[PDB]
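A single chain, nothing else alongside it, follows as structure tokens in the form deposited in one PDB entry.
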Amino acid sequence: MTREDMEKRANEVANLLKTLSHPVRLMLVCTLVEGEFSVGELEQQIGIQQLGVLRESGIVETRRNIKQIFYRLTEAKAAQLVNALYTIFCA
């Protein structure tokens, strides 16, 4: 609750902000808060390598069958951050 505890968490906080600092990476995470989407559905949703950066960050996971690859948001902190951004930025 204090700035002293926040200071101890800073590198982890700054890293998540770094993961969402790319607009494409932000829109992908914003889509993913609603549920699991295939790569095809995400292309339809965001109208666009960035999923790779997201995989590497560990905030998303993949589900794969013989037909397709599905992306799911696993870091609840990213979803809560994405949620807060709507409250702050929607006008």
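What we label the rigid core is the largest C-alpha set whose atoms superpose within 1.5 Å from one form to the other. Numbers follow the displayed sequence, beginning with 1. Residues that one form lacks are left out of the comparison.
The same protein also has a form deposited in another entry, omitted here; what follows describes it.
Once both forms are fitted on their rigid core, the CA atom of residue 72 lies less than 2 Å apart between the shown form and the other one. Once both forms are overlaid on the rigid core, the distance between the two CA positions of residue 21 between the shown form and the other one is under 2 angstroms. Whereas the shown form places them at one spacing, the Cα atoms of residue 32 and residue 86 lie at least 3 Å closer in the other form. Look at residue 76 and residue 58: in the other form their Cα atoms come 3 Å or more closer than in this form. After superposition on the rigid core, the stretches of at least three consecutive residues with Cα shifts of 2 Å or more between the shown form and the other one are 2-8, 64-68, 75-91.
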